[PDB]
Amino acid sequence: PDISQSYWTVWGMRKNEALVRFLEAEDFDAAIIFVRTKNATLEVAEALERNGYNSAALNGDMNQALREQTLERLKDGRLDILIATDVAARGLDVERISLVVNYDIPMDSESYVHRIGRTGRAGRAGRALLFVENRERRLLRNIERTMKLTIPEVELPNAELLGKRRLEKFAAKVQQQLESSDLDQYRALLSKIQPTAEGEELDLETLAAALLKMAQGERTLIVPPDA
């Protein structure tokens, strides 16, 4: 019945890059990204795709066949993220949605409320994240009195946070590999991998660091220092 709401002040990076950071930064089942216009839905969708998420745009004038296809692909898990306008998302009950992103802050403050109500609609608790430009403080205040709540401000998730999130999911794949049965056959190959021709010392720790680098996913475990 409850939605946890926060907002970020657009400061350090553009909205696209921040969205990817916020998505990676904490767990979500499915998410809906609300934007001002159809053109925005396409720019978001392409940023999310060149960052490794399965997402699609819902638009008010889209083919009704594609709408039904897109909505069920979200239900069965071929999609995790929809990018929608207020027009397109009316009539949308999808229980996977655990995260609502107000990518563009609305002027109508009850558009805000109807937007974050696409989650927490179950007995489950969901989350809502609002992007606010400094130019837009007035509409945040509008929202924050239209409902008597103050929306707490979050910071942009930092490199160290993202590295820890990546390490923790990587460690979970490591753990399912240790439960393997053939693990001992792999132990015997460790000595066989190593270059002994120019300067030899079977240095297990240096080998394992090379193997970690080769085993890490596309999301590098060494996140560049900033932000």
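Each residue number is its position in the shown sequence, starting from 1.
If you average the C-alpha B-factors over 133 to 141 and over 119 to 127, the higher value belongs to 119 to 127. Taking only CA atoms, the mean B-factor in the PDB entry is higher for 173 to 181 than for the other of 173 to 181 and 27 to 35. When the C-alpha B-factors of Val154, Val94, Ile81, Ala84 are ranked from the entry, the top spot goes to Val94.
Remark: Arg166 belongs to the lowest third of its chain, ranked by C-alpha B-factor as recorded. When all modelled residues of the chain are sorted by CA temperature factor, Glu160 is found within the middle third. Sorting the modelled residues of the chain by their CA temperature factor places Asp108 in the middle third. Annotation for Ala89: C-alpha temperature factor in the middle third relative to the rest of the modelled chain, per the entry. Placement of the Cα temperature factor of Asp61 within the chain: lowest third of the modelled residues, per the deposited record.
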